[PDB]
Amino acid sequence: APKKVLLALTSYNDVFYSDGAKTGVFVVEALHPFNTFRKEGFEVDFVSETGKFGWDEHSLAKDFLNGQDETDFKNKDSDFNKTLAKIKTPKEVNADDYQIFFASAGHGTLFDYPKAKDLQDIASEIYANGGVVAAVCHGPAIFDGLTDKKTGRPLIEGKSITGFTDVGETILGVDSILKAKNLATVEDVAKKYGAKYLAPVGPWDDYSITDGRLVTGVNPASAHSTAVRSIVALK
């Protein structure tokens, strides 16, 4: 079996924020994990529900995308961009090729991840097969409906996770946007399915949790550590 990570992206890419900017993939939630997996000698296949994706436009701000990350993002010849060009749909991937399922995010995930049955099945199989399921930021939206095949219960029931904070939605001024669209926060999802939500001290802190082979992180600053943890959890 090849050393591989399946790196999931949101396929939602519509106008979202009060300034009219689109949500989508939070660039460094894909890029930092991609870099981390590559340093450790893993191949990375990208996947989204539709086989397409767009960038969260607020994630292009220079406090979130700068330096070598920005260079890699602008250079169409970069490994990151060439690999992204090979993005697949769920039916095109083979779950026993993968030891890690890594769910990147951005607010778009709140729209598609809960409904992404096919992606959830794949993640279940990787987990059932001894692999690691990892998610950063709003990535834990994909746990809404994700079943542990061996217990028939929600995978996160009785598990400890972190993820993007309710207080952070408020700071970003998007809570009324979320309510108007009938969306559930990561804390909403954890409570609903009997997971223990373990909060960071501050909403932007590099903070992440390893609960056996279920690995979660809070926000963009946690993307790298969430990737590192997912590798360590393998061994």
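In case it trips you up, residue 1 is the first one in the sequence shown, and so on.
Quick one: higher average CA temperature factor, 99-107 or 156-164? Higher of the two, by average CA B-factor, is 99-107.
Can you tell me whether 62-70 has a higher mean C-alpha B factor than 194-202 in this record, or the other way round? It is 62-70.
Comparing recorded Cα B-factors across 227, 21, 218, 25, which one is largest? Out of 227, 21, 218, 25, the record gives the largest C-alpha B-factor to 21.
Given 87, 141, 146, 134, the residue at which the Cα B factor reaches its maximum: Max CA B-factor in the entry, restricted to 87, 141, 146, 134: 87.
Which third, lowest, middle or highest, does the CA B-factor of residue 207 fall in along this chain? Lowest third.
With respect to C-alpha B-factor, does residue 56 fall in the lowest, middle or highest third of the chain as deposited? For residue 56, the deposited C-alpha B-factor lands in the middle third.
Going by what the PDB entry lists, where does residue 15 fall on CA B-factor within its chain: lowest, middle or highest third? Highest third.
Among modelled residues of the same chain, the CA temperature factor third for residue 44: Ranked within chain, residue 44 CA B lands in the highest tercile.
Please rank the C-alpha B-factors of the chain's modelled residues and tell me whether residue 180 sits in the lowest, middle or highest third. Highest third.
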